[PDB]
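We use all heavy atoms of the structure for the numbers below, so side chains are in, but hydrogens, waters and symmetry mates are not. Along the sequence shown, residues carry numbers from 1.
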Amino acid sequence: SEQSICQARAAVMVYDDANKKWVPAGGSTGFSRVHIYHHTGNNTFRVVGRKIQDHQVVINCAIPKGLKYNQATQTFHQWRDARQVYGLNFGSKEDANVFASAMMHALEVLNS
């Protein structure tokens, strides 16, 4: 379904460039439920990630229309914003593919 396409479980990651290491976003190992939400009132999209166990929000960001979203592997996607690199480590290839499709749709909307 469309709404099911708009979320997926993944570990949210950030890249420590100085030490060349991927680390958990928010410092919290584990998967989050990662959603793309269409905030229609101001015509924005947000990516919101909340940890599956403790339910802490680890990412909550507006998607910029010029985002370069890279599908680096079958289960790991990444993007930059502000020289800060974020990643999503999906639990499965199928969920990675559906979330990518959701992101690409959001970017199409934001650029029309």
**Q** Would you sort out whether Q84 and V14 count as a side-chain contact (heavy atoms from CB on, under 4.5 Å), showing the intermediate values?
**A** CA-CA 8 Å; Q84 154 76 308; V14 291; 3.7 Å; yes
**Q** I'd like to know if the side chain of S112 reaches the main chain of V109, judged simply by a donor and an acceptor atom lying under 3.5 Å from each other, with no hydrogens or angles considered.
**A**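 Answer holds: yes.
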**Q** For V34 versus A10, what's the shortest heavy-atom pair and its separation?
**A**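 That closest heavy-atom pairing would be CG2-O, 4.1 Å.
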**Q** With the 4.5 Å side-chain cut-off for hydrophobic clustering, are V48 and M104 part of the same group?
**A**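 Not linked; separate clusters.
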**Q** Please tell me whether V23 and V58 are part of a single hydrophobic cluster in this structure, the criterion being side-chain heavy atoms less than 4.5 Å apart.
**A**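 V23 and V58: one cluster.
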**Q** Closer than 3.5 angstrom, by distance alone: can the side chain of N111 be matched with the main-chain N or O of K65 as a donor-acceptor pair?
**A**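 Side chain of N111 to backbone of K65: a pair is present.
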**Q** Are the ring centres of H77 and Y69 closer than 6.0 Å?
**A**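 Yes, they do, as the ring centres are separated by less than 6.0 Å.
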**Q** Look up atom OG1 in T75 and atom CG in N97, then write down how far apart they are to the nearest 0.5 Å.
**A**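 The CG atom of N97 is 10.0 Å from OG1 of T75, to the nearest 0.5 Å.
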**Q** Quick check: closest heavy atoms across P64 and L107, and the distance to 0.1 Å?
**A**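 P64 and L107 have their closest heavy atoms at O-CD2, 3.5 Å.
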**Q** Do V12 and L88 have side-chain heavy atoms sitting under 4.5 Å apart?
**A**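 Answer yes - side chains close enough.
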**Q** For a 4.5 angstrom cut-off between non-hydrogen side-chain atoms, does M103 reach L67?
**A**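 Of all side-chain heavy-atom pairs linking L67 with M103, at least one is under 4.5 Å.
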**Q** Below 4.5 Å, heavy atoms only, C-beta onward: do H35 and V47 meet side chain to side chain?
**A**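 Not in contact.
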**Q** Just checking, is any N or O donor in the side chain of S28 or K51 under 3.5 Å from an acceptor N or O on the other one?
**A**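 On atom types as modelled, these side chains qualify, holding a pair under 3.5 Å.
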**Q** With rounding to the nearest 0.5 angstrom, report the CE to OG1 distance, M13 to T29.
**A**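 Between atom CE of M13 and atom OG1 of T29 there are 7.5 Å.
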**Q** Is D16 reaching over with its side chain to a backbone N or O of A18, donor-acceptor style, under 3.5 angstrom?
**A**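 Checked: pair present.
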**Q** Specify the closest pair of heavy atoms between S1 and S4, including all atoms of both residues, with the distance to one decimal.
**A**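 In this case the closest contact between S1 and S4 is O-OG, 2.8 Å.
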**Q** Excluding sequence neighbours, so at least two apart, what forms ring pair (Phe, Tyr, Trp, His ring centres under 6.0 Å) with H38?
**A**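 Listed in chain order: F45.
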**Q** Quick one: pull up CG in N70 and CH2 in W79 and give me the separation to the nearest 0.5 Å.
**A**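 Separation between the atoms: 11.0 Å.
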**Q** Do you reckon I5 sits in the same ILVMFWY cluster as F31, going by side-chain contacts under 4.5 Å, direct or chained?
**A**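 In one cluster with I5: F31, no.
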**Q** Anything under 30° is parallel, anything over 60° is perpendicular, the rest tilted; go ahead and classify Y37 against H39.
**A**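 Ring orientation, 0 to 90° scale: tilted.
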**Q** May I ask you to check whether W22 and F76 place their ring centers less than 6.0 Å from one another?
**A**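 Yes, close enough.
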**Q** How many angstroms lie between atom SG of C6 and atom CZ of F99, to the nearest 0.5 angstrom?
**A**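 So the gap between those two atoms works out to 9.0 Å.
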**Q** Can you check whether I63 reaches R46 side chain to side chain, under 4.5 Å on heavy atoms?
**A**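 A side-chain contact is absent here, since even the closest heavy-atom pair is not under 4.5 Å.
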**Q** Please enumerate all residues that pass side chain to side chain contact (heavy atoms under 4.5 Å, CB included) together with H55, with sequence neighbours excluded.
**A**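 For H55 the side chain to side chain contact (heavy atoms under 4.5 Å, CB included) partners, ignoring immediate neighbours, are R50.
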**Q** Please check if the number of heavy atoms outside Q3 that lie under 6.0 Å from its CD is greater than 12.
**A**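 Result for CD/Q3: enclosed.
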**Q** How far does CZ of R9 sit from CD1 of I52, to the nearest 0.5 angstrom?
**A**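 One finds 7.0 Å between CZ of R9 and CD1 of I52.
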**Q** Using a 3.5 Å distance criterion without hydrogens, assess whether the side chain of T40 forms a donor-acceptor pair with backbone atoms of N43.
**A**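 Side chain of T40 to backbone of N43: no pair is present.
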